[PDB]
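Novice: I am sharing start.pdb, which consists of PDB, C-alpha atoms:
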ATOM      1  CA  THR H 102      97.155-167.157 118.933  1.00  0.00           C
ATOM      2  CA  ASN H 103     100.145-164.970 119.713  1.00  0.00           C
ATOM      3  CA  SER H 104      99.306-162.631 122.574  1.00  0.00           C
ATOM      4  CA  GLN H 105     100.041-158.921 122.577  1.00  0.00           C
ATOM      5  CA  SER H 106     102.748-159.472 125.178  1.00  0.00           C
ATOM      6  CA  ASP H 107     104.295-161.687 122.492  1.00  0.00           C
ATOM      7  CA  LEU H 108     103.962-158.988 119.853  1.00  0.00           C
ATOM      8  CA  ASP H 109     105.727-156.494 122.113  1.00  0.00           C
ATOM      9  CA  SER H 110     108.821-158.722 122.228  1.00  0.00           C
ATOM     10  CA  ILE H 111     108.693-159.475 118.497  1.00  0.00           C
ATOM     11  CA  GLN H 112     108.458-155.738 117.809  1.00  0.00           C
ATOM     12  CA  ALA H 113     111.400-155.143 120.167  1.00  0.00           C
ATOM     13  CA  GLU H 114     113.447-157.615 118.117  1.00  0.00           C
ATOM     14  CA  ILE H 115     112.301-156.097 114.818  1.00  0.00           C
ATOM     15  CA  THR H 116     113.199-152.545 115.873  1.00  0.00           C
ATOM     16  CA  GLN H 117     116.592-153.729 117.103  1.00  0.00           C
ATOM     17  CA  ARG H 118     117.300-155.464 113.782  1.00  0.00           C
ATOM     18  CA  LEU H 119     116.229-152.361 111.857  1.00  0.00           C
ATOM     19  CA  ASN H 120     118.369-150.106 114.069  1.00  0.00           C
ATOM     20  CA  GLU H 121     121.226-152.473 113.281  1.00  0.00           C
ATOM     21  CA  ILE H 122     120.749-152.325 109.497  1.00  0.00           C
ATOM     22  CA  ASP H 123     120.534-148.555 109.889  1.00  0.00           C
ATOM     23  CA  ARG H 124     123.818-148.499 111.815  1.00  0.00           C
ATOM     24  CA  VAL H 125     125.887-150.917 109.717  1.00  0.00           C
ATOM     25  CA  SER H 126     125.019-148.980 106.569  1.00  0.00           C
ATOM     26  CA  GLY H 127     125.170-145.546 108.160  1.00  0.00           C
ATOM     27  CA  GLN H 128     128.745-145.915 109.420  1.00  0.00           C
ATOM     28  CA  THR H 129     130.785-148.225 107.232  1.00  0.00           C
ATOM     29  CA  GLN H 130     133.672-146.974 105.176  1.00  0.00           C
ATOM     30  CA  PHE H 131     136.510-147.899 102.884  1.00  0.00           C
ATOM     31  CA  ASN H 132     139.122-145.111 103.185  1.00  0.00           C
ATOM     32  CA  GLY H 133     136.739-142.611 104.747  1.00  0.00           C
ATOM     33  CA  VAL H 134     134.043-143.143 102.106  1.00  0.00           C
ATOM     34  CA  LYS H 135     130.566-143.961 103.427  1.00  0.00           C
ATOM     35  CA  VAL H 136     129.466-146.552 100.868  1.00  0.00           C
ATOM     36  CA  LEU H 137     125.779-147.004 101.833  1.00  0.00           C
ATOM     37  CA  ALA H 138     124.898-143.757 103.610  1.00  0.00           C
ATOM     38  CA  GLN H 139     124.337-141.779 100.410  1.00  0.00           C
ATOM     39  CA  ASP H 140     123.701-142.477  96.734  1.00  0.00           C
ATOM     40  CA  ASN H 141     126.377-141.398  94.249  1.00  0.00           C
ATOM     41  CA  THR H 142     128.621-142.678  91.473  1.00  0.00           C
ATOM     42  CA  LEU H 143     132.161-143.797  92.080  1.00  0.00           C
ATOM     43  CA  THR H 144     134.098-143.572  88.851  1.00  0.00           C
ATOM     44  CA  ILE H 145     137.029-145.856  88.243  1.00  0.00           C
ATOM     45  CA  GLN H 146     139.906-144.718  86.068  1.00  0.00           C
ATOM     46  CA  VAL H 147     140.534-148.134  84.476  1.00  0.00           C
ATOM     47  CA  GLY H 148     142.836-147.184  81.559  1.00  0.00           C
ATOM     48  CA  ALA H 149     145.422-144.484  80.754  1.00  0.00           C
ATOM     49  CA  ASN H 150     142.673-142.834  78.670  1.00  0.00           C
ATOM     50  CA  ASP H 151     140.542-140.022  80.104  1.00  0.00           C
TER
ATOM     51  CA  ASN E  51     197.782-118.687  52.441  1.00  0.00           C
ATOM     52  CA  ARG E  52     194.089-119.116  51.656  1.00  0.00           C
ATOM     53  CA  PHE E  53     194.279-122.852  52.276  1.00  0.00           C
ATOM     54  CA  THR E  54     195.984-122.398  55.625  1.00  0.00           C
ATOM     55  CA  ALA E  55     193.264-120.021  56.710  1.00  0.00           C
ATOM     56  CA  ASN E  56     190.570-122.448  55.619  1.00  0.00           C
ATOM     57  CA  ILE E  57     192.251-125.343  57.388  1.00  0.00           C
ATOM     58  CA  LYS E  58     192.549-123.362  60.589  1.00  0.00           C
ATOM     59  CA  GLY E  59     188.942-122.248  60.385  1.00  0.00           C
ATOM     60  CA  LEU E  60     187.641-125.705  59.591  1.00  0.00           C
ATOM     61  CA  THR E  61     189.452-127.383  62.482  1.00  0.00           C
ATOM     62  CA  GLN E  62     188.449-124.681  64.930  1.00  0.00           C
ATOM     63  CA  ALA E  63     184.959-124.796  63.481  1.00  0.00           C
ATOM     64  CA  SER E  64     185.005-128.559  64.021  1.00  0.00           C
ATOM     65  CA  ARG E  65     186.229-127.987  67.646  1.00  0.00           C
ATOM     66  CA  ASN E  66     183.304-125.674  68.418  1.00  0.00           C
ATOM     67  CA  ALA E  67     180.740-128.020  66.857  1.00  0.00           C
ATOM     68  CA  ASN E  68     181.639-130.784  69.326  1.00  0.00           C
ATOM     69  CA  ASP E  69     180.678-128.270  72.007  1.00  0.00           C
ATOM     70  CA  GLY E  70     177.261-127.879  70.412  1.00  0.00           C
ATOM     71  CA  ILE E  71     176.746-131.625  70.767  1.00  0.00           C
ATOM     72  CA  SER E  72     177.852-131.406  74.393  1.00  0.00           C
ATOM     73  CA  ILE E  73     175.309-128.662  75.047  1.00  0.00           C
ATOM     74  CA  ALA E  74     172.585-130.748  73.416  1.00  0.00           C
ATOM     75  CA  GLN E  75     173.497-133.710  75.611  1.00  0.00           C
ATOM     76  CA  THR E  76     173.453-131.555  78.723  1.00  0.00           C
ATOM     77  CA  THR E  77     169.997-130.256  77.832  1.00  0.00           C
ATOM     78  CA  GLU E  78     168.834-133.805  77.153  1.00  0.00           C
ATOM     79  CA  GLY E  79     169.877-135.000  80.593  1.00  0.00           C
ATOM     80  CA  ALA E  80     167.779-132.299  82.215  1.00  0.00           C
ATOM     81  CA  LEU E  81     164.951-132.983  79.805  1.00  0.00           C
ATOM     82  CA  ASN E  82     165.118-136.688  80.566  1.00  0.00           C
ATOM     83  CA  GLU E  83     164.895-135.952  84.286  1.00  0.00           C
ATOM     84  CA  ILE E  84     161.894-133.697  83.656  1.00  0.00           C
ATOM     85  CA  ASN E  85     160.237-136.440  81.634  1.00  0.00           C
ATOM     86  CA  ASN E  86     160.810-138.933  84.426  1.00  0.00           C
ATOM     87  CA  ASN E  87     159.189-136.554  86.898  1.00  0.00           C
ATOM     88  CA  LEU E  88     156.273-136.063  84.510  1.00  0.00           C
ATOM     89  CA  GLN E  89     155.649-139.791  84.114  1.00  0.00           C
ATOM     90  CA  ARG E  90     155.139-140.082  87.854  1.00  0.00           C
ATOM     91  CA  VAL E  91     152.775-137.118  87.878  1.00  0.00           C
ATOM     92  CA  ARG E  92     150.587-138.694  85.222  1.00  0.00           C
ATOM     93  CA  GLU E  93     150.424-141.959  87.144  1.00  0.00           C
ATOM     94  CA  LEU E  94     149.529-140.060  90.323  1.00  0.00           C
ATOM     95  CA  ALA E  95     146.741-138.244  88.478  1.00  0.00           C
ATOM     96  CA  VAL E  96     145.366-141.571  87.300  1.00  0.00           C
ATOM     97  CA  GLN E  97     145.454-142.891  90.867  1.00  0.00           C
ATOM     98  CA  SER E  98     143.848-139.671  92.134  1.00  0.00           C
ATOM     99  CA  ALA E  99     140.848-139.925  89.791  1.00  0.00           C
ATOM    100  CA  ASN E 100     138.986-142.794  91.584  1.00  0.00           C
ATOM    101  CA  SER E 101     135.886-141.852  93.639  1.00  0.00           C
TER
END
Taking this structure as input, can you express it in the form of structure tokens?

Specialist:
Amino acid sequence: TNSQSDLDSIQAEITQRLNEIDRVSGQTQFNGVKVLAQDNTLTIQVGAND
Amino acid sequence: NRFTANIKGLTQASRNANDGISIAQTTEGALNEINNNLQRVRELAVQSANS
């Protein structure tokens, strides 16, 4: 039932939501560290030992 | 005469020895300060390690 003029608006919403989950993960930071932009290991020194 | 010489030498020797203790204490103060500085450096290194 949904027309193609409906699917244009639903696609406009879907691309805006996906641009938003690209933005909020692309530029978010704790102390200048992009947490979700790239994959890496953060190592925590939790002890006096090496 | 021999005893007088020994007594003089022992007292004077005793008088110089106190000085050795004083020098050790002086070195220890500096060493203690160095140790205090070092403790902070180690803590800073631990803080620095995090990703």

Novice: Using the chain letters and numbers from this file, what does the PyMOL selection byres ((chain E) within 8 of (chain H)) select? Give the answer as a list in words.

Specialist: residues 96, 97, 99, 100 and 101 of chain E

Novice: Distance CA of residue 136 in chain H-CA of residue 120 in chain H, one decimal place?

Specialist: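 One can read the CA of residue 136 in chain H to CA of residue 120 in chain H distance as 17.6 Å.
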
Novice: For a test of reading the model, state the distance in Å between CA of residue 132 in chain H and CA of residue 94 in chain E, rounded to one decimal.

Specialist: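 Interatomic distance, CA of residue 132 in chain H to CA of residue 94 in chain E: 17.3 Å.
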
Novice: In Å, with one decimal, what is the gap from CA of residue 83 in chain E to CA of residue 95 in chain E?

Specialist: 18.8 Å

Novice: Report, as AutoDock Vina command-line options, the centre and edge lengths in Å (one decimal) of the axis-aligned box enclosing every listed atom of range 111-125 of chain H, padded by 8 Å on each side.

Specialist:
--center_x 117.2 --center_y -154.0 --center_z 114.8 --size_x 33.4 --size_y 27.0 --size_z 26.7

Novice: Would you mind putting back N, CA, C and O atoms on range 60-81 of chain E, then writing it out as a PDB file, in the coordinates of the input?

Specialist:
ATOM      1  N   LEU E  60     188.392-124.462  59.568  1.00  0.00           N
ATOM      2  CA  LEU E  60     187.641-125.705  59.591  1.00  0.00           C
ATOM      3  C   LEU E  60     187.885-126.510  60.860  1.00  0.00           C
ATOM      4  O   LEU E  60     186.942-126.992  61.473  1.00  0.00           O
ATOM      5  N   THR E  61     189.139-126.618  61.282  1.00  0.00           N
ATOM      6  CA  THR E  61     189.452-127.383  62.482  1.00  0.00           C
ATOM      7  C   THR E  61     188.811-126.757  63.709  1.00  0.00           C
ATOM      8  O   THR E  61     188.211-127.440  64.547  1.00  0.00           O
ATOM      9  N   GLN E  62     188.997-125.447  63.827  1.00  0.00           N
ATOM     10  CA  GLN E  62     188.449-124.681  64.930  1.00  0.00           C
ATOM     11  C   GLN E  62     186.943-124.757  64.866  1.00  0.00           C
ATOM     12  O   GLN E  62     186.279-124.842  65.888  1.00  0.00           O
ATOM     13  N   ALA E  63     186.398-124.704  63.655  1.00  0.00           N
ATOM     14  CA  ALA E  63     184.959-124.796  63.481  1.00  0.00           C
ATOM     15  C   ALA E  63     184.478-126.156  63.957  1.00  0.00           C
ATOM     16  O   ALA E  63     183.463-126.256  64.630  1.00  0.00           O
ATOM     17  N   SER E  64     185.268-127.175  63.635  1.00  0.00           N
ATOM     18  CA  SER E  64     185.005-128.559  64.021  1.00  0.00           C
ATOM     19  C   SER E  64     185.033-128.743  65.538  1.00  0.00           C
ATOM     20  O   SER E  64     184.275-129.561  66.060  1.00  0.00           O
ATOM     21  N   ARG E  65     185.976-128.041  66.185  1.00  0.00           N
ATOM     22  CA  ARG E  65     186.229-127.987  67.646  1.00  0.00           C
ATOM     23  C   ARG E  65     185.117-127.324  68.475  1.00  0.00           C
ATOM     24  O   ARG E  65     184.973-127.559  69.694  1.00  0.00           O
ATOM     25  N   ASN E  66     184.455-126.368  67.838  1.00  0.00           N
ATOM     26  CA  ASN E  66     183.304-125.674  68.418  1.00  0.00           C
ATOM     27  C   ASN E  66     182.010-126.476  68.277  1.00  0.00           C
ATOM     28  O   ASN E  66     181.152-126.456  69.153  1.00  0.00           O
ATOM     29  N   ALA E  67     181.883-127.168  67.152  1.00  0.00           N
ATOM     30  CA  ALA E  67     180.740-128.020  66.857  1.00  0.00           C
ATOM     31  C   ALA E  67     180.623-129.148  67.874  1.00  0.00           C
ATOM     32  O   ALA E  67     179.516-129.518  68.242  1.00  0.00           O
ATOM     33  N   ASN E  68     181.743-129.708  68.331  1.00  0.00           N
ATOM     34  CA  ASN E  68     181.639-130.784  69.326  1.00  0.00           C
ATOM     35  C   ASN E  68     180.926-130.272  70.587  1.00  0.00           C
ATOM     36  O   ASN E  68     180.145-130.976  71.214  1.00  0.00           O
ATOM     37  N   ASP E  69     181.220-129.008  70.879  1.00  0.00           N
ATOM     38  CA  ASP E  69     180.678-128.270  72.007  1.00  0.00           C
ATOM     39  C   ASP E  69     179.174-128.151  71.868  1.00  0.00           C
ATOM     40  O   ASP E  69     178.455-128.214  72.853  1.00  0.00           O
ATOM     41  N   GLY E  70     178.692-127.962  70.644  1.00  0.00           N
ATOM     42  CA  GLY E  70     177.261-127.879  70.412  1.00  0.00           C
ATOM     43  C   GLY E  70     176.600-129.194  70.792  1.00  0.00           C
ATOM     44  O   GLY E  70     175.552-129.216  71.437  1.00  0.00           O
ATOM     45  N   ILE E  71     177.238-130.302  70.426  1.00  0.00           N
ATOM     46  CA  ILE E  71     176.746-131.625  70.767  1.00  0.00           C
ATOM     47  C   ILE E  71     176.738-131.796  72.282  1.00  0.00           C
ATOM     48  O   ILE E  71     175.803-132.363  72.841  1.00  0.00           O
ATOM     49  N   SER E  72     177.779-131.308  72.948  1.00  0.00           N
ATOM     50  CA  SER E  72     177.852-131.406  74.393  1.00  0.00           C
ATOM     51  C   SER E  72     176.704-130.636  75.022  1.00  0.00           C
ATOM     52  O   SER E  72     176.067-131.122  75.952  1.00  0.00           O
ATOM     53  N   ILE E  73     176.412-129.446  74.502  1.00  0.00           N
ATOM     54  CA  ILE E  73     175.309-128.662  75.047  1.00  0.00           C
ATOM     55  C   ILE E  73     173.980-129.390  74.833  1.00  0.00           C
ATOM     56  O   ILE E  73     173.132-129.427  75.728  1.00  0.00           O
ATOM     57  N   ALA E  74     173.814-130.023  73.674  1.00  0.00           N
ATOM     58  CA  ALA E  74     172.585-130.748  73.416  1.00  0.00           C
ATOM     59  C   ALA E  74     172.450-131.885  74.415  1.00  0.00           C
ATOM     60  O   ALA E  74     171.382-132.090  74.977  1.00  0.00           O
ATOM     61  N   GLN E  75     173.539-132.601  74.670  1.00  0.00           N
ATOM     62  CA  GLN E  75     173.497-133.710  75.611  1.00  0.00           C
ATOM     63  C   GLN E  75     173.154-133.226  77.011  1.00  0.00           C
ATOM     64  O   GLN E  75     172.367-133.855  77.728  1.00  0.00           O
ATOM     65  N   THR E  76     173.725-132.091  77.398  1.00  0.00           N
ATOM     66  CA  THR E  76     173.453-131.555  78.723  1.00  0.00           C
ATOM     67  C   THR E  76     171.979-131.216  78.844  1.00  0.00           C
ATOM     68  O   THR E  76     171.347-131.548  79.840  1.00  0.00           O
ATOM     69  N   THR E  77     171.414-130.603  77.805  1.00  0.00           N
ATOM     70  CA  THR E  77     169.997-130.256  77.832  1.00  0.00           C
ATOM     71  C   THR E  77     169.136-131.508  77.917  1.00  0.00           C
ATOM     72  O   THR E  77     168.144-131.546  78.633  1.00  0.00           O
ATOM     73  N   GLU E  78     169.534-132.536  77.179  1.00  0.00           N
ATOM     74  CA  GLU E  78     168.834-133.805  77.153  1.00  0.00           C
ATOM     75  C   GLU E  78     168.822-134.488  78.514  1.00  0.00           C
ATOM     76  O   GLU E  78     167.845-135.139  78.863  1.00  0.00           O
ATOM     77  N   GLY E  79     169.893-134.373  79.287  1.00  0.00           N
ATOM     78  CA  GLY E  79     169.877-135.000  80.593  1.00  0.00           C
ATOM     79  C   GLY E  79     168.807-134.367  81.461  1.00  0.00           C
ATOM     80  O   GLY E  79     168.007-135.058  82.102  1.00  0.00           O
ATOM     81  N   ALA E  80     168.757-133.038  81.434  1.00  0.00           N
ATOM     82  CA  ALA E  80     167.779-132.299  82.215  1.00  0.00           C
ATOM     83  C   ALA E  80     166.387-132.624  81.727  1.00  0.00           C
ATOM     84  O   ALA E  80     165.471-132.839  82.516  1.00  0.00           O
ATOM     85  N   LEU E  81     166.236-132.679  80.410  1.00  0.00           N
ATOM     86  CA  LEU E  81     164.951-132.983  79.805  1.00  0.00           C
ATOM     87  C   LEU E  81     164.516-134.384  80.179  1.00  0.00           C
ATOM     88  O   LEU E  81     163.350-134.614  80.458  1.00  0.00           O
TER      89      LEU E  81
END
